[PDB]
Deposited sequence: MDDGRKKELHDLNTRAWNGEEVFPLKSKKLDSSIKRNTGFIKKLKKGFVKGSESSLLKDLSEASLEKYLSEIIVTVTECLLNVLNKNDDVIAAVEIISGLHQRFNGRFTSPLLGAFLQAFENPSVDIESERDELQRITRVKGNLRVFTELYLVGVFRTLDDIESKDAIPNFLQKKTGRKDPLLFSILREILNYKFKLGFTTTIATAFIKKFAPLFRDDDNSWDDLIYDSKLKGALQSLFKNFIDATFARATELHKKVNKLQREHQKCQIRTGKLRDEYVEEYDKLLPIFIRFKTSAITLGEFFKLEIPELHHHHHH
């Protein structure tokens, strides 16, 4: 999907939010409507969009709306990390939004945002944490693509009736852009372990125009003009933190390595207390260093000294 098609959908989706019927007797039969749900349940993958769009132009799905919302919520949260599948999901959600506006999109958005609430427990398995982070990144990607086409815009679109996650509740006065709110939450779960730094790098790589002031290509797609500024502030703070932690870890791993090496010269032993602690810290250091380098390259900044010769 090119920027032209994004803008086409944005215009249609904005009109739908504005109360227009922009989507052009309907079939209200049980067979037709359950047949639609079954099609949704096969998942949002490439090509599946066109068939579903035909149903939206032929079927009267109003009495199955609640079920469609739940079904789509599950499908959306489980979209694969495949660029073509994401595009299909965007076209399908846009169609549904154009047919039903807020009575579909409001509860969908509220339920979808639950995907960004941080766990309220500690990490038990870093293997599981990597899987969790992968899921969050996929959910963030899909959210952002739907933001850019004007489907998912702001908490202000959600009805009071429709629940929103705890981390987004009780907002008064000036609200931050929704993407800022989401990223401030997800970047800050167990930050010191370094797994969330990969959310930051994945996000800037895929959505670069949000981070480059000279890049105006998505300005017409952005809901609140403060977004680019807010995101730049958030990420520059995150970079300061990432650089600082990388430097702290760099000093620790080098110190432990040096003591281990001196020990091995003295005694000939392969193992000692220094390399045992080193082994626990090194993967964390590597996560921070890799991310420090990527963030530095993207924002054209020099990295702190992070030399380390390992293995």
{"property": "Chain regions without C-alpha coordinates, deposited sequence numbering", "result": "25-28, 316"}
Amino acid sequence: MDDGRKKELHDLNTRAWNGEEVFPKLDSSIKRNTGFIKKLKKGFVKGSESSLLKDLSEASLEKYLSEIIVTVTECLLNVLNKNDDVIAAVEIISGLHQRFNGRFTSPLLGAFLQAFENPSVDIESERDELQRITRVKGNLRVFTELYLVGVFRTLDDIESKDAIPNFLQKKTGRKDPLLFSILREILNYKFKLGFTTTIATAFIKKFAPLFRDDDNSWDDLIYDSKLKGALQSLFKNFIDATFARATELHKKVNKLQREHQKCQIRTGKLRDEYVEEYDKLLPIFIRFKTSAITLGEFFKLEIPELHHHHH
From here on, numbers count along this sequence of modelled residues.
item: Mean C-alpha B-factor comparison - 95-103 and 79-87, higher one; value: 79-87
item: Which of 61-69 and 245-253 has higher mean CA B factor, as the PDB entry lists it; value: 61-69
item: Out of 226, 192, 206, 171, highest CA B-factor residue; value: 171
item: Candidate residues 30, 45, 282, 263, the one whose C-alpha B factor the record puts highest; value: 45
item: Residue 271 CA temperature factor, ranked by third within the chain; value: middle
item: Residue 213 by Cα B-factor - lowest, middle or highest third of the modelled chain; value: highest
item: CA B-factor ranking of residue 124, expressed as a third of its chain; value: highest
item: Chain third (lowest, middle, highest) by recorded CA B-factor, residue given as residue 23; value: highest
item: Position of residue 185 among the chain's modelled residues by C-alpha B-factor, lowest, middle or highest third; value: lowest
